[PDB]
Every structure is written in structure tokens, then in C-alpha cells.
Amino acid sequence: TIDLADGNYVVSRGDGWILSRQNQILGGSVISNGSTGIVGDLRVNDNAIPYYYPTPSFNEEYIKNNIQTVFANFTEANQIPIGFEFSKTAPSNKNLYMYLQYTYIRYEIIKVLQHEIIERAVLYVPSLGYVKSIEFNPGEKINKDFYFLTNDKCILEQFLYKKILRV
Amino acid sequence: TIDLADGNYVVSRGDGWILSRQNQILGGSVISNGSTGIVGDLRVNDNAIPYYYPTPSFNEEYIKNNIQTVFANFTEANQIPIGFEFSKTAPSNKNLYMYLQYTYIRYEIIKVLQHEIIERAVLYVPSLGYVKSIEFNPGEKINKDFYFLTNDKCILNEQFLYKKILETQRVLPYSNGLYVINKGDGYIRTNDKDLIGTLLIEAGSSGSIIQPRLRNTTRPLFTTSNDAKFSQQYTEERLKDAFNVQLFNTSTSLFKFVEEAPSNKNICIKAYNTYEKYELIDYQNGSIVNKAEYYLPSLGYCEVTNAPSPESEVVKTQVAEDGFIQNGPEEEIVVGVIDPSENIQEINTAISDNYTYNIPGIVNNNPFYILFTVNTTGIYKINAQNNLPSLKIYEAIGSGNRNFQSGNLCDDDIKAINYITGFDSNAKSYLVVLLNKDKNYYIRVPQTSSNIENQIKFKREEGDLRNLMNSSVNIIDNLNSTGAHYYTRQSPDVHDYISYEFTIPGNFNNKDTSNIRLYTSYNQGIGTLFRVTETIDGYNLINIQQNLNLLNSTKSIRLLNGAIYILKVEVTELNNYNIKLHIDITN
């Protein structure tokens, strides 16, 4: 129930979106006592493929053009490789497991009739990534919510919108 | 002198061997006045290159094959560059000379006659390096043993792993289907078959083992029980369905390990390559009828060790059996997947308060799914004609978060599903479930052996039936005589419901009240009880005896005959895969 006038809106929900079920598909580092683990990635070619979820009247070309008109030109940026890395040190006598995810920028194209969203198309642009770590003991029960994500969510949370037309 | 029976033995003497006369001098750096010197290499193409020292009995191919059968495959492991680095900071007002060598893995193959070694062949497999440094002053004599090594020697760990050359339970309440189980990360193989390598760091220095991904190739492992069905391609497709795994034998993800030794003693770090273990199981009628295991390459494992006491003899230990060791945290994530051999029909219109679905002829009486979405969050009763067959309701994981249009179905093509309710059986039940506004659900219809068409009704229930949320109301029809009736169904998980609707035998006159005994045989469950009055718009439920304890309960409740009663059981302890309810009638 958005508080917006009728029409189509291009919306940015900000960087920091981690996708569901896609948590440990890149693996994780296990660090023993004292050691330091540095896990990184470097977005070039296949790590930089946007994911479109289109709806009728909002096709892929529509989403791409309207997103890039008012927000970052992800097609141009994704050509330039960009690296990132996370460093973490294990305690004096403990084991530390830390796994890596990809973060995405969530873009939307929404249709507002009256004051209700009646149509939404989504686009995910891979931004950087995110390392999640825990300390564990041999034979310790770890909460399932640490490993598995059921719904997409933002780890960082905004709603930017634009209506689509001296001497 | 050895204490092994006569024959041939493949022997690993550990990692961290320094060659004589410092084979392939490389030089060192002179640092001064608190500056830090960092020296490293990258084992890729010539820095690799195993050194063979054959014997007439053991030729080069003999050594290569026999070593690689038991221990790590160096031929396919030296094709992936691996980096190492050593960092040392000079004191405030002195000069420090660093000095780099390569360490190797010694791989003797020995022929034993009597209790003696008569033939030995040595294979030096290249490994990470070793930096030695000294603090020096101008015009100061330095010992030659710091500079020149006369004989081969090991610096890391005394080790002798030999093998003989041969002249050749738990009750799972899962519904029937295919599941993918993430069973944790950090799996390594036995006998150091995944060992990237070991660094020895002197006191007050830093050492690092790096995977720079100069080659993207990896090597997943796979073990199937029925290659006809669960082939490697099939398992990869099911992994893609479950956890959306895209890259299997390719990875672009750096990982490196750094360790600074304390200023008083030395340290060692072992780096291993690890695997994430996935089990693809076909689970039918309470037993795992098929299973495959996929080990996806992961981001390594670091182990920090200290050198043992200097006065310690070696022990000739035998190699361990082939297998996996989990160095990571305990994990078990079970995700059901849509069977790709079963058709999926769709309902493109969001379901309003009523809807009926006609079974198409293209199905041809086969198990299949119906994808559908619900217009407004609420409790729905889903059934077939005369409640035959019994359906199973699933739920797409992560559906509804992404794009959507109001009033229609946005097929997200998500094939990871959560079982909600349903019986896998001729059992006359109907589902009462709670469905949301944007999530996609699958109604699974089993194999029907009748040529007559079937209709599936999706009635939204705004009434007293909401008490039976997320429950498959089973219909008890063969209740017409006194006795000890028993019904066996698939037992729901803990804190999950299963309902039983029955009409007491005998005519109804608000009299002739009989005694009814309720109890389960194996699984303890809290029971409710409702009476049903037949209205024109739905079912009106009035509460009767609440909060029963049903595990072999000894109680009789006075129920007048000819009326309809619903018993709702919530399982609190799962002892059997099948729940087993008893309806006993006494006059």
C-alpha cells in the first residue's frame, strides 16, 4: 500500500540484498586457532550478470532502460573487474567457520493504481559480497538460520523512487 | 632395518624436505633498520616438476602410479598454481639476511626382504617453500651450516606413512520424494590427499599460503549408488534446483591463510582443500531407496601446529582407510525438490474464495503437480471428488519475494519445496491449510488407477474449520460395529497436526450414548476433540474433551452415537515413521 500517485515508478531498494537458498554455494573457510583467513572475490564476467524477473508490460528492455536512465549504468560498470576481500582471525583456542555470499542491488519497476501496488518487476545487479562467520566447537549445534536463507533480505534499507514519464 | 613383512611398500615421509646443496639457488634479501622483507614464489610450471630417482625394480611409471593411487595426485594438483610468502621485519639498528628454499614431499618406495630394506626409490614432489634468516653485522663470521646443507633432511615433522603394494537408527518423517541435504562444509580426505601444503614459520615472522585462482579449474567429487538414475549430470541439476548452484568444476574465489609465529618459538601451518558435502536422496515409504553424494570444492582449511619435542623417535604408521573427515561445523539442511519426471500444470488465475480444477486428459492418470497462488491470505480446504485421491500440498521456498502482478500467478520456476500436509497413499482425506497471498504452492496428485475424471476443489473456509490449520483431515468410513479399529498413516513431524473425522456407529437421537476410547500405539500426541453439526454453509465445531495424552492412554469418553467428531492430534514425540491410532467402541 504505497502512498504514491498513479503511474509507473522506478525504485531502488539499495545495495545489500542476499538471495535466498544461495548462501554456501561458494564454500567457506575454516580457520584454526590463531590463524587468519582472507576470503575474497573479484567480479568480472559471470559474477556480473544481472538477474531479471519481468512481468507483462515490463519486459527486460523496459527494465534495463528505465533503471539505467535514473540509476547506475550496471552494463558499463560490470565490464570493469572489481575485487573485494574479508579478513578474520580465529581466537586463541577455537575454530572459526566463515562463508561468503554475493550481495546485490535490488531494482524494481512498480505500477501504482489508487494507492496499491498492482504490478512489480525485479532486477538484481551483483554488487560485492558478504562474509558471515561463527565460532564452533566439535559437536556443536548451530542454528539453521545461520546457514539457510528462506527469503531475500537486505543486510544494509532504503526506498528511492522516480515516476516514469566574485570578480 | 625395518619391521615389516617382505614385499613392496609405498611410503610417504611427510612434507618439508630440504634438498642437498640447496638445489636451484634462489638468493635472499638484505633488510635493515626496521624494514620488512617479504619473499615468496608460485608453484606453477617449472617450480613444479617431480624428481624421480628410479631403481631397476621400480621404474618412473611404477613410482608415479603407485604413489598416486594412495597419496595425493600431484600430476593434477601441480597444474593449479599455489602461492606462499614469508615476511620478516629487521630489528631497529641491525641488518637481517633472508634466505629462501623450496621444500619437497619425499615419497620413498621400498622393497623389503627379511627385516631389512634392500631397494629404495625416491620421488621428490615439489611443495611450498621455506625462508631462513639471520641477523648479521659487517665483518662477522657466520657458520657454514646456516648457508650450505650437506645432506637431505626434513624440517617440518618426522613422519612415516606406509602402505603395502598388492600385486593385483533415526526416524525421518520426510514425505516421499527427492531431497538435497547440505551436510556441512570443510570435508577433507584421508592420508593428506587434499593437503595444499605446510609452511614452517620461525619466531617473529609471518607466513602465508595463498590460492590466487590463476587457474579457475576445480575438481568436485561424486559417488552414486545407481548411476542409471542418479548420474552426475542429474545430481548437478538437482543441486541447481535446490540451492541454485551454478558453478561446479570452476571457482573464482580467493582464499589465503596467514600466521605470525610468537617471538619465542616456531609455528607451522597446514593448508588443505575442502569440500562441501551434498546428499541427493530418493526417499520412498520411509526408507532411503536411492542416494548420491556430491562434494563441491570449497575454500580450504587451515591448521596451526607446533613442532614436537626434539627428542622423539619416528613411528611407522599405516595409512588410514579412504574416507572423509569434517573439519567444519555440524550442519544438516534438507530441501525437497520437484521430481523432474512429473508434469507441472498451472493455474494462471489467483484462487478466489472458490475454484474447481478439472483433471486434464494429457495427465493420463500419472502423478503430477499443480502450481497455484492464492489471492488473499487465508485458510483453504482442498480436496478431490469424494476425497479420492489424497493430495499433498507443498510450498515454493522464496516465492513471492520477487516480481508479481495482482490477481494472476507469477510462475517463479522455483523447484525447492517445503512439505506442508498430505498423505502418500486410496486414503480418503482432504487438506485444510493456511495459504499466503503471494507464495506459490504445488498440489501433488498421485497415480490414480481410474479412467473417470477427477475434480479438485479449492474452497476458502471462513468458519469453525480454521481450528484444523495445516492438517490433512482423514475420513473414517468403516466404523459400523463395536471393536478395536486401528488406522495407520504417515506420522507428521513434531508440532504438526493430523486430523481424524469419524461418525459413531448407531442411530442418532440425542441418546444411546456409547463409550469411545482413543489412543496411539507408538507416538505420543496431544489430542483435541470437536463435535460437528451439519450447517448449510460449512461445519460448526463445538469443543469436547481437550488436551488428551494419547500414548497408550487408558480412558473412555462418552460420545453419543450417530454424530460426527473430529480428533486432532499434534505429535510431540516421534517414535515411529507411521502413526497408529485406535478407535475402540464399547456399548
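Sequence positions in this view are assigned from 1 along each chain in the order the sequence is written. Entry numbering can differ, and residues without coordinates are absent from the display. Labels are handed out in written order, letters beginning with A for the chains and numbers beginning with 1 for the ligands. Note: displayed chains form a subset of a larger assembly, with all reported quantities computed for the displayed subset only. Side-chain calculation: all heavy atoms of the structure are included, whereas hydrogens and water are not. Residues with missing side-chain atoms are left out of burial classes, side-chain pairs and their counts.

This entry, as listed in the PDB, derives from cryo-EM and reports a resolution of 2.8 Å.

Novice: What's the story with the overall build of chain A in this structure? I'm lost.
Specialist: Going along the chain from the N terminus, every DSSP run of H or I of four or more residues is numbered as a helix, and every run of E of two or more is numbered as a strand. From N to C terminus, chain A includes three helices and 12 strands. Relative to the globule expectation of 15 Å for 167 residues, the C-alpha radius of gyration of chain A, 20 Å, shows a markedly less compact shape. The globule rule used here is 2.2 Å times the number of residues to the 0.38 power, and the radius of gyration it is set against is calculated over C-alpha atoms.

Novice: Explain the nonpolar core to me, please; I cannot follow it from the model alone.
Specialist: Soluble, globular proteins show a tendency: their nonpolar side chains are buried together. Residues and elements named next belong to chain B. Only buried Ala, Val, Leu, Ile, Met, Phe, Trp, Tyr and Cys residues count toward a nonpolar core, and they belong to the same one when joined by side-chain atoms within 4.5 Å. For every residue, the accessible area (1.4 Å probe, protein chains only) is compared with the maximum for its type, and the residue is labelled buried under 20%, exposed over 50%, or partly exposed between those bounds. Counting residues in hydrophobic clusters, the biggest one holds 86 residues, and the most contacted among them are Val180, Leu199, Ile209, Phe243, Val335 and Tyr442. The contact definition used throughout considers only heavy atoms, calling two residues in contact when any of these lie within 4.5 Å. When residues no more than four places from it in sequence are discounted, the contact partners of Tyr442 are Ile338, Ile344, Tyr369, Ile370, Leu371, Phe372, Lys392, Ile393, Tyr394, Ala396, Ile414 and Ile417. If you look at the next biggest cluster of nonpolar residues, it comprises 23 residues, including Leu479, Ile516, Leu550 and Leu567.

Novice: Before we go on, may I ask you to explain the state of the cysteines in this structure?
Specialist: When the sulfur atoms of two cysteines share a covalent bond, that bond is a disulfide. Residue and element names in this part refer to chain B. Throughout, a disulfide means two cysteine sulfur atoms within 2.5 Å of one another. Under the definition given, this model contains zero disulfides over all chains. Not part of a disulfide, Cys268 finds its nearest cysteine sulfur in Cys302, a span of 11 Å. Relative accessible area serves as the criterion here: at 4%, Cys268 is assigned to the buried category.

Novice: It is not clear to me how the sheet that holds strand 16 (residues 254-260) of chain B should be interpreted in this structure. Could you clarify?
Specialist: Paired through their backbone hydrogen bonds, the strands of a sheet run either parallel or antiparallel. Strand order across the open sheet formed by six strands is 6(A)-4(A)-16(B)-14(B)-6(B)-4(B), with antiparallel pairing between neighbours. Because the sheet does not close on itself, it has two edges, and the strands there are strand 6 (82-89) of chain A together with strand 4 (36-43) of chain B. Each strand axis lies, on average, 15 degrees off the axis of its neighbour in the sheet, ignoring direction. Strands were regarded as paired on the criterion that DSSP finds at least two bridges between them. In this structure, strand 4 of chain B lies alongside strand 6 (residues 82-89) of chain B, joined through eight bridges in antiparallel fashion. Within strand 6 of chain B, the residue paired with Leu42 of chain B across the bridge is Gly83 of chain B. Only C-alpha atoms enter the line fits that serve as axes; for helices the fit covers just the stretch in contact. Angles between N-to-C directions range over 0 to 180 degrees.

Novice: Where do I start with the packing of aromatic side chains in this structure?
Specialist: What characterises a pair of aromatic rings is the spacing of the ring centres plus the angle enclosed by the ring planes. When the centres of two rings from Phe, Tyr and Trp lie within 6.5 Å, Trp using its six-membered ring, the rings pair. Their planes under 30 degrees apart give stacked, over 60 give edge-to-face, and anything left gives tilted. The full count for this structure, using the stated rule, is 40 aromatic pairs over all chains. For the pair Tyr355 of chain B and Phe458 of chain B, a centre-to-centre distance of 6.2 Å together with 55 degrees between the ring planes defines the contact as tilted. Taking relative accessible area as the criterion, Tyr355 of chain B reaches 29% and is therefore assigned partly exposed. Plain terms: the ring middles of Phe372 of chain B and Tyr441 of chain B are 5.9 Å apart, the flat faces sit at 40 degrees to each other, and that makes the pair tilted. Pair check on accessibility: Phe372 of chain B and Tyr441 of chain B agree, each one buried. A connected cluster of aromatic rings, assembled from ring pairs, spans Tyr51, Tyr53, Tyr104 and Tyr124 of chain A. Placement of a charge over a ring requires the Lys NZ or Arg CZ to be within 6 Å of the ring centre, with the centre-to-atom vector within 35 degrees of the ring normal. The ring of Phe160 of chain B has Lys316 of chain B sitting right over it, with the charged end atom 4.4 Å from the ring centre. Positioned above the aromatic ring of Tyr497 of chain B is the side chain of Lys568 of chain B, whose terminal nitrogen or guanidinium carbon lies 3.9 Å from the ring centre.

Novice: Would you mind going over the interface of chain A and chain B with me for this structure?
Specialist: Note: interface size is frequently given as the accessible area lost on complex formation between the parts. Taken together, the contact between chain A and chain B spans 47 residues of the former and 48 residues of the latter. Around 3900 Å² of area is buried between chain A and chain B when both sides are counted, 50% of it from carbon and sulfur atoms. Basic side-chain nitrogens of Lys or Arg form a salt bridge, by our definition, when they fall within 4 Å of a carboxyl oxygen of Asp or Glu. Summed over the shared surface of chain A and chain B, the result is one salt bridge. For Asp152 of chain A, the salt bridge is made with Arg402 of chain B, and the minimal N-O distance between the two is 3.5 Å. Within 3.5 Å is the distance limit for a polar contact, defined as a pair of N or O atoms, with the added protein rule that one can donate a hydrogen and the other accept it, and that residues adjacent in sequence qualify only through two side-chain atoms. Connecting chain A to chain B are 28 residue pairs in polar contact. By buried area we mean how much accessible surface two parts lose on assembly, using a 1.4 Å probe and totalling the loss over both.

Novice: What should I look at first to understand the sheet that holds strand 13 (residues 195-201) of chain B in this one?
Specialist: The sheet built from six strands is open, its strands ordered 10(A)-7(A)-3(A)-20(B)-17(B)-13(B) with mixed pairing. Two strands in the sheet have a free side with no partner beyond their single neighbour: strand 10 (130-136) of chain A together with strand 13 of chain B. Mean inter-strand twist for the sheet, computed between neighbouring axes without regard to direction, equals 15 degrees.

Novice: Got a minute to help me understand the environment of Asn95 of chain B in this structure?
Specialist: Residue and element names in this part refer to chain B. Mapped onto the elements, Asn95 comes out in strand 7 (residues 95-106). Between the C-alpha atom of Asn95 and that of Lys144, which follows or precedes it by 49 residues, the distance is 18 Å. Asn95 has contacts with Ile31, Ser32, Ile134, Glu135, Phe136 and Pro138, leaving out every residue within four places of it along the chain.

Novice: Explain the pattern of salt bridges to me, please; I cannot follow it from the model alone.
Specialist: Any two side chains of opposite charge can pair, given that their charged atoms come close. Following the criterion strictly, the structure yields 23 salt bridges over all chains and no others. Its salt-bridge partner being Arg106 of chain A, residue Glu108 of chain A comes within 2.8 Å of it at the nearest N-O pair. Take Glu108 of chain A: its relative accessible area is 4%, and that puts it in the buried class. Measuring nitrogen to oxygen at the nearest pair gives 3.2 Å for the salt bridge that ties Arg189 of chain B to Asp194 of chain B. One salt-bridge network, held together by shared partners, links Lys277, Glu279, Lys291 and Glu293 of chain B.

Novice: Any chance you could explain the layout of surface pockets here in plain terms?
Specialist: Any empty space left between the atoms is revealed when a probe the size of a water molecule rolls over them. Residue and element names in this part refer to chain B. A pocket, in this scheme, is an open set of points on a 1 Å grid over the protein atoms alone with protein on both sides within 12 Å along at least 5 of 7 lines, while a cavity is a set where a 1.4 Å probe fits but cannot get out; residues line either one if an atom lies within 4 Å of a point. Grid points are joined across faces, edges and corners, and a volume is the space filled by probe spheres set on the points. Of the volumes computed, that of the second largest pocket is approximately 860 Å³. Lining the second largest pocket are 44 residues, and of these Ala77, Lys193, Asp194, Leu195 and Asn273 sit closest to its centre. Among the elements of the structure, helix 2 (74-77), strand 9 (116-136) and strand 13 are those that each provide at least two residues to the lining of the second largest pocket. No other element matches strand 13, which puts four residues into the lining of the second largest pocket. Considered class by class, the residues forming the lining of the second largest pocket number 17 nonpolar, 17 polar and 10 charged. In this count, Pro and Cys sit with the nonpolar residues alongside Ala, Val, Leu, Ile, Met, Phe, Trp and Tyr, while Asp, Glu, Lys and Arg are called charged and the others, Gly among them, polar.

Novice: When you look at a nonpolar patch on the surface in this model, what are you seeing that I'm missing?
Specialist: Distance thresholds for patches are 9 Å for like charges and 5 Å for nonpolar side chains (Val, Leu, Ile, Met, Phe, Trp, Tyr), applied to residues having over 30% relative accessible area and no salt bridge. Where accessible areas are quoted, they stem from the Shrake-Rupley method and a 1.4 Å probe; at the residue level, only the protein chains shown are allowed to cover. Where nonpolar side chains cluster on the molecular surface, the patch consists of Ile80, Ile82 and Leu128 of chain A and spans about 250 Å² of accessible area. Relative accessible area serves as the criterion here: at 38%, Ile82 of chain A is assigned to the partly exposed category.

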